[PDB]
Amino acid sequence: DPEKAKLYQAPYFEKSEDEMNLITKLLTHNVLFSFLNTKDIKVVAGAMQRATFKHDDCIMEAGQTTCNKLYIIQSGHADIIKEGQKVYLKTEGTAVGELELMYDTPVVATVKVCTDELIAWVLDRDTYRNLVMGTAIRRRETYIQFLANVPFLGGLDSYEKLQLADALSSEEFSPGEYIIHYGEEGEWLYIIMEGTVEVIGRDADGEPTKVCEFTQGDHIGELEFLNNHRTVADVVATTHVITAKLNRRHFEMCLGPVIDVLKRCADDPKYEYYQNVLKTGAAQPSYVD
């Protein structure tokens, strides 16, 4: 199969440089494209066509077999409706139609525009299957059972956990290896699948100081993403460690629903060090790419 996709030539619809930039930004922040390289992202963007909708339009309707398209929303929102009940809200940058393309099933839920207008970029099934889907199902299988047992993700439903899985890769560390170094940009969030880590801050004299430990099910790296600064501690493996790793460019999409659970670092006594870093102004800015 992978050898056959090599022979597939995606369609191209003329794009200005500004349109390519716009679409590429949507794709590089949407989890469905997480592991495509830069050349492939550009081919996929070139294959997309613009579509627009009005309030109350159905982009697709439950039961349809005639869609078979992937829509990435530029702007506007849409309700996901099952059995007449609104169950999810799709917003800018998100995709609709991916469930049907990934799992080869008729449309599962109605997608109904709920803003005045919606603008989307649309990809055909063949380009999705040949260039995008890749190992999506295997990747979901690698992580889903684990994610279902991670405390800070307990509020996400299955759909949201699978969306997070789409953006995860694995990295292992031997004892004494640094997962995060102090003073770095801060673009990786790690969820500990196995092992123990130590958080090493800097004290008032600038010397390393042990802050706390984390272990299986804990996360590190989110503080820089929440508060837009460079890293303020090292994180060092104290045992062999296995992590699932999420890039900052996917954080808003995958973990949006828990952005608040994560702000509760303020209350945790384990984050006294960090709160003092923020209070004293000891970190410089860093924003998502």
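One-based numbering along the sequence shown.
Averaged over CA atoms, B-factors in the entry run higher in 85 to 93 than in the other of 178 to 186 and 85 to 93. In this crystal structure, the stretch out of 3 to 11 and 278 to 286 whose C-alpha atoms carry the higher mean B factor is 3 to 11. Of the candidates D79, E98, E141, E172, the one whose C-alpha carries the top B factor in the deposited record is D79. The PDB entry gives the largest Cα B-factor of the residues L118, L162, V107, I72 to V107. The deposited CA B-factor of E198 belongs to the middle third of values across its chain. Compared with the other modelled residues of the chain, the Cα B-factor recorded for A266 ranks in the highest third. Among the modelled residues of the chain, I192 sits in the lowest third by CA temperature factor in this PDB entry. Ranked by C-alpha B-factor against the other modelled residues of its chain, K39 falls in the highest third. When all modelled residues of the chain are sorted by CA temperature factor, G256 is found within the highest third.
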